[PDB]
Number of protein chains: 4
Amino acid sequence: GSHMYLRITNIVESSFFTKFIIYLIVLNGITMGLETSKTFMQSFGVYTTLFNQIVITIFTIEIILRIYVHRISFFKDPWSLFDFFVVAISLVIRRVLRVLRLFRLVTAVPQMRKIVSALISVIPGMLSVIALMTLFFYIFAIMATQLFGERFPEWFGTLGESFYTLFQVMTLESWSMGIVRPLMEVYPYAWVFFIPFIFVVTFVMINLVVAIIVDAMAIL
Amino acid sequence: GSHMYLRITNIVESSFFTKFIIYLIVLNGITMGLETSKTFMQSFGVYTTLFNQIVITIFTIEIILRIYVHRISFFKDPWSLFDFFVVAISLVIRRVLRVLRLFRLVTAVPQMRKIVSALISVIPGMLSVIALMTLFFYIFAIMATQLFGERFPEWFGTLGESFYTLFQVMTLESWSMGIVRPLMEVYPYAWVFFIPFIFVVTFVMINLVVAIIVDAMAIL
Amino acid sequence: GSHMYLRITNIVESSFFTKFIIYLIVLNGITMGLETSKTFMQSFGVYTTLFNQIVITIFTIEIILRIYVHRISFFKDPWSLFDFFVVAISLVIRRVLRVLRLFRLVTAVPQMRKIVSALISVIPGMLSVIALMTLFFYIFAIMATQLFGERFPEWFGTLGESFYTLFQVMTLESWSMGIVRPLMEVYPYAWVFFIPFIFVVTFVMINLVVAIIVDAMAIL
Amino acid sequence: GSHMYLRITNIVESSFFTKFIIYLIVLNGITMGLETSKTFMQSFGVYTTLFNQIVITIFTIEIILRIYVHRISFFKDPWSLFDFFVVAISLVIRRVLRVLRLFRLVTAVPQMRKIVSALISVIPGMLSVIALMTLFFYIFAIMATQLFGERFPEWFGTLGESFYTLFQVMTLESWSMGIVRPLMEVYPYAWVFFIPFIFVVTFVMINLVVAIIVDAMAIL
Ligand SMILES: CCCCCCCCCCCCCC(=O)OC[C@H](COP(=O)(O)OCC[N+](C)(C)C)OC(=O)CCCCCCCCCCCCC
Ligand SMILES: CCCCCCCCCCCCCC(=O)OC[C@H](COP(=O)(O)OCC[N+](C)(C)C)OC(=O)CCCCCCCCCCCCC
Ligand SMILES: CCCCCCCCCCCCCC(=O)OC[C@H](COP(=O)(O)OCC[N+](C)(C)C)OC(=O)CCCCCCCCCCCCC
Ligand SMILES: CCCCCCCCCCCCCC(=O)OC[C@H](COP(=O)(O)OCC[N+](C)(C)C)OC(=O)CCCCCCCCCCCCC
C-alpha cells in the first residue's frame, strides 16, 4: 500500500483504463477481419502484423498490472484467468490462436459477462444428464464399431469414427439417406440399432431442455 | 382545425376509408399472384400494370391524407412509417419491390398488428444474446477463413463465405456429410473446430428460447 | 319414444354395441395391414374384399342407428360427423380411402378422443399467427417465383413451386446445399432473400410454441 | 436369518462390495473400448477375453448373492432385474451383447439411477399420445405402401418400408430432396400426402413436449 502501489492501482481501476482496452479489442477485432483480405494484406501487410504485436504488448502490460493490483485474487477471477490465458495463448495455426484475443470483448464488456454467466450457470445442473449421455454414446460407439466397422470403415472403423457418426445421427444430419439406408444394404437389421438410438438420444435432449426450463422456474 | 381540415379528417378517420384500403390491399394481393402466370399475363397484361399504378396512386393519396390529419404524429407511428416507406419503396427487381405493398395487410388489419407486436416485443430482450452470438460467429468466421479457406475456397474463401457456411452448420444442414466430413479428408482435426462450434451455438439457441419463455412468465 | 325407438336406443347406447364396433375396427385395421402383402393377397384375396364390404355394411347400419337415436344431435357431434363422412368416404385411389375407416378407432376409443381434443383445443389460439405466417409465405412465394423462377423453373417456376420450396426451406431440409447455394451460382445475392426468410419463419415458429406453452399456463 | 445368511448379507450390503462392482464395471468399460483396436487385440488378445469371463463370473457370483439376501424382493427391483438380465444376456453378435454389461454403471452409480428415473417417470404420461401417434403411422404407412410402393419399392414396397420412410420424413431427413420431390416426378400430387403428414406429426411432437413441460409444472 505504498505510494507506488496506489499509483498503478488508481490507473488500473480507472474507467479510462478499461475503455482503452475495450477500444483496443474492438480495433484489433476489426483489423483481424481485414487481415482476411489477400487484397488488403498485399498492401497494408506490415501495418497489421506489428499492430497485433503492439496490442499483445499492451495486453501483457495490462495483464501484469491487473496482477499487481489484485495478486492472488486475480487468479481467483475467471474473467482474469480467461484474459490471462487468452493473452498467453496469443503469445506462446500460430496466427489462428491470436484471434482468441477478441474473446476478451466478452470479458471486458460487462453486459456480456452478464449473458455469459447466465448461460454457464445452467451447465452444472446438466452434468448428471451429460454424464449419462456420454456413457450412452460410449457404449453405442463400441457396439457400432464392431457391428459395422468392418464393411463400413469410413464411418465406424475406429471408436472415434463411430463417435463422430453417432453424434451425426444425433443431429439427424443425413442419418437415413446418408448412413442407415446404406448400412441396410448390407446389414438389413441396422434399423434396430439406430432408431432406438435416435429415440433415446432424442428423448434425453428433450428432457434436458425441460429440466433447464423448470430449474429456472424454481427461481420464479 | 378549419372546416377544410375537419373535412378530410372525418374521411380519413372513417371506418369506410380503412375498409377501402384493406379491400384494395387484398385485391392487389390477389392480382399480384395472378401476374405470376405467363398464361394470364399473355392475356390480361395491360389490365394489371395500370391496376398497380392505380393502387399506388390511391395509396399515395391515402398516405398523404394520413400525414395531414396527423402531421408529426404520423412519423412517430411505426405502422404509418412502415406504410409510408412500403408505398415509397413501391414508387422509387423493380417489379419485386411492388409486392411489399401486401405487407400493409399486416398494418391495416389490427389482429395482425396485435400478433406482430407480440413477436417484436420479444426482440429487445434477446439483443444481449444476439450480440454475443454475432461476436461469436465473427470470431469463428475469421478462424475458419484462415484455417480452411485455402484448400476450400467455395465454403471459406472470403469472410462472408465462412459466415454463410457457419450459419449453415448452425442450421445443421448437411453440416457433416456436406462440409465437415469433406474438410476432414484434408484437415483431419477439423472436427475439433466444428463440434465445439455446434455445441456452443446450439446451447445458446436453447437458452435463448428458455429465456423467451421465462421472460414471458415474469408477466404471469 | 315408442316401444320401437327405445328398442334400438337401448341397443345402440349399450356397452356391447360400442365394444362390437371397436372390435371390428381393430380387426379391419389388422386385415388392411395384411392386404399389403402380395403374398397374402395371392392366397386369401377374396376373403378380405368381402370382409371390407361386410364391415362397411355394419358401419353403415351402425351409422344409421346412431342417427335415429340422436337425429339432429348426431349432426352436432364432431365424432359422429367424422364417423359419418369416414364411412361415407369409404363408400363413395378407391382402395386408399377405405383405410380412413381405421381413424374411427380414435372416435370409438375415448382415451383417444381425450388426447385428440387436447391437441385440437390448441389450434384456435394459433390461427392469428398461422394467418400472418401464410400471408408471409404468399408474399415471399410471389417474390421468389419472379426473382428465381426463370433460371430455376423446377423449384420456383409456378407460384405453388415457390410455395413448396419455401416450405422446404422452412423445414431447413437441404436449404443451403440443395437450394440456396445453387441459386447463388447464378444470383449471388439470393442469400439476402433466404437467410432473412429463415430468421423470420424460424422466430415465428419459436414464438408460436412459446405461446402454446404459456396459453396452457394461464390455465395453471 | 442364520449365522450363514447374515455372513453373506453383511458382505453384500457392504459399501466395499458395491465399490468393487463399480470399480470392475469401469475397468471392463475401459477394456472393452481397447478391444476395439486391432492393434491392441493383436498383442493383448488373450488378456482381455479371459478378463471378460472373469468379470461375468464375478457378476454372476454377485447377482446370485443379491438374490439370496433379497430373494423375491430382488425380482421386484428393476435395477436388479436389469442387472440380472444384462448379466444373463452377456452369458447366453455374440461379442456385442457383452458390452451391455456397461449399462450396469447406471444401475450401480446412484446419481445415474436418479437421472434415469427422472426420465422414465415422464414416459407413462406420454403413452396416450404415443398410442395415437403409432396408430397414425400405421394408417399412413398403409396408404403410402399402396399409393407409392409400386413405382417406388425401395422406400414403400413393404409395410415396414413405408414405416421407416415415414419415420424418416418425421425426422425431416431429406424428406423433400430425397423422397417427396422424386415421388412427385411420377405422382405429382404426393405433396398432398406428405405436407399434411408432416404438419400432423410435427404438431403432435410439439404438443407432447408442451405436455411434458406442463405435467412437470403441476408438481411446482
Ligand atoms: C471483438 C471485435 C469486435 C469488432 C467487430 C468488427 C466488425 C467489422 C469487421 C469488418 C471486417 C471486414 C473484412 C472484409 O471485408 O474482408 C474482405 C472480404 C473479401 O474481400 P477481398 O478478399 O478483398 O476480395 C477482393 C476481390 N477483388 C480482388 C475482386 C476486389 O469481404 C467480405 O467477404 C465481407 C465480409 C463481411 C463481414 C461482416 C462482419 C460483421 C461483424 C459483426 C461483429 C459483431 C460484434 C459484436
Ligand atoms: C395481402 C394479400 C391477401 C390476399 C391473398 C389472396 C390469395 C389468393 C391468390 C391467388 C393467386 C393465384 C395465382 C395462380 O394461380 O397462378 C398461376 C399458377 C400456375 O398457373 P400457370 O402458370 O398459368 O400454368 C399454365 C399451364 N398451362 C399453360 C398448361 C395451362 O397456379 C399455381 O401454381 C397455383 C398457386 C396456388 C396459390 C395458393 C395461394 C394461397 C394464398 C394464401 C393467402 C393467405 C393470406 C392471409
Ligand atoms: C385401427 C387398427 C388398429 C389395429 C392395429 C393392428 C396392428 C397389426 C397389423 C399387422 C399387419 C401386418 C402386415 C404384414 O406383415 O405385411 C406383410 C409385410 C411384408 O410381407 P410380404 O410382402 O408378404 O413379403 C413376402 C416375402 N417373401 C415372398 C420372400 C416371403 O410385412 C412387413 O413388412 C412387416 C410389417 C410390420 C408392421 C408393424 C405394425 C405395427 C402396428 C401398430 C399399431 C398401433 C395401433 C394403436
Ligand atoms: C461403463 C464404462 C465407463 C468407463 C469409460 C472409460 C472411458 C475410456 C475408454 C478408452 C478406450 C480407448 C479405445 C481406443 O483408443 O481405441 C483405439 C482407437 C483407434 O486406435 P487403433 O485402431 O489402434 O489405430 C492404430 C493405427 N496405427 C496402426 C497406425 C497405429 O482410438 C480411437 O479411435 C480414439 C477413441 C477415443 C475414445 C473416447 C472415449 C470417451 C469415453 C467417455 C466415457 C464416459 C463415461 C461416463
# chains A, B, ... in the order shown; residues from 1 in each chain; ligands from 1
>>> select_by_dssp(residues="segment 10-195 of chain A", states="helix (DSSP H, G or I)", output="VMD selection string")
chain A and resid 10 to 12 15 to 34 38 to 43 45 to 76 78 to 89 94 to 108 110 to 120 123 to 147 153 to 156 159 to 170 175 to 186 191 to 195
>>> residues_near_ligand(ligand="ligand 2", cutoff="6 Å", atoms="only C-alpha atoms and all ligand atoms", output="JSON, numbers by chain")
{"B": [25, 26, 29, 30, 33, 34, 36, 37, 38, 39, 102, 105], "C": [131, 134, 135, 138, 158, 159, 160]}
>>> interface_residues(of="chain B", to="chain D", cutoff="12 Å", atoms="only C-alpha atoms", output="ChimeraX atom specification")
/B:172-174,210,213
>>> atom_distance(atom1="atom CA of residue 152 of chain C", atom2="atom CA of residue 178 of chain B")
22.1 Å
>>> residues_around(residues="residue 8 of chain B", least_positions_apart="2", cutoff="12 Å", atoms="only C-alpha atoms", output="ChimeraX atom specification")
/B:1-6,10-14,17,61-62,64-70
>>> atom_distance(atom1="atom 8 (C, counted along the ligand's line) of ligand 1", atom2="atom CA of residue 23 of chain A")
13.3 Å
>>> atom_distance(atom1="atom CA of residue 215 of chain C", atom2="atom CA of residue 119 of chain C")
12.9 Å
>>> decode(residues="segment 165-184 of chain D", atoms="N, CA and C atoms", output="short mmCIF file (atom, residue, chain, number, x, y, z; two decimals), in the first residue's frame")
data_model
loop_
_atom_site.label_atom_id
_atom_site.label_comp_id
_atom_site.auth_asym_id
_atom_site.auth_seq_id
_atom_site.Cartn_x
_atom_site.Cartn_y
_atom_site.Cartn_z
N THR D 165 -39.56 -45.10 -43.93
CA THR D 165 -39.55 -43.85 -44.68
C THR D 165 -40.38 -42.78 -43.98
N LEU D 166 -41.56 -43.15 -43.48
CA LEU D 166 -42.41 -42.16 -42.82
C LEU D 166 -41.75 -41.64 -41.55
N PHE D 167 -41.09 -42.52 -40.79
CA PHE D 167 -40.31 -42.03 -39.66
C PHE D 167 -39.18 -41.13 -40.14
N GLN D 168 -38.58 -41.44 -41.29
CA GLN D 168 -37.56 -40.56 -41.85
C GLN D 168 -38.15 -39.20 -42.18
N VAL D 169 -39.31 -39.19 -42.86
CA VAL D 169 -39.99 -37.93 -43.14
C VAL D 169 -40.25 -37.18 -41.84
N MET D 170 -40.62 -37.90 -40.78
CA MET D 170 -40.85 -37.25 -39.49
C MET D 170 -39.61 -36.52 -39.01
N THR D 171 -38.46 -37.19 -39.05
CA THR D 171 -37.21 -36.54 -38.69
C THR D 171 -36.83 -35.42 -39.64
N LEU D 172 -37.61 -35.23 -40.72
CA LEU D 172 -37.35 -34.24 -41.76
C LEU D 172 -36.02 -34.48 -42.47
N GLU D 173 -35.50 -35.70 -42.40
CA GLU D 173 -34.21 -36.01 -43.01
C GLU D 173 -34.42 -36.26 -44.50
N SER D 174 -33.94 -35.32 -45.33
CA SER D 174 -34.03 -35.40 -46.79
C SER D 174 -35.46 -35.58 -47.29
N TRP D 175 -36.46 -35.20 -46.50
CA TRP D 175 -37.84 -35.57 -46.82
C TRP D 175 -38.26 -35.05 -48.19
N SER D 176 -37.78 -33.88 -48.59
CA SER D 176 -38.19 -33.29 -49.87
C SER D 176 -37.21 -33.64 -50.99
N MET D 177 -35.96 -33.20 -50.88
CA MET D 177 -34.95 -33.54 -51.88
C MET D 177 -34.85 -35.04 -52.09
N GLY D 178 -34.83 -35.80 -51.00
CA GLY D 178 -34.56 -37.22 -51.10
C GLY D 178 -35.75 -38.10 -51.39
N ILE D 179 -36.97 -37.63 -51.11
CA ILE D 179 -38.14 -38.51 -51.18
C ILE D 179 -39.32 -37.88 -51.90
N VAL D 180 -39.82 -36.76 -51.39
CA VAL D 180 -41.10 -36.26 -51.89
C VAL D 180 -40.95 -35.59 -53.25
N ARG D 181 -39.80 -34.97 -53.53
CA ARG D 181 -39.57 -34.38 -54.84
C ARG D 181 -39.41 -35.46 -55.90
N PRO D 182 -38.66 -36.56 -55.63
CA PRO D 182 -38.66 -37.69 -56.57
C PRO D 182 -40.02 -38.33 -56.78
N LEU D 183 -40.74 -38.59 -55.68
CA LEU D 183 -42.10 -39.11 -55.80
C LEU D 183 -42.94 -38.24 -56.71
N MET D 184 -42.71 -36.93 -56.67
CA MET D 184 -43.53 -36.00 -57.43
C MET D 184 -43.23 -36.07 -58.92
#
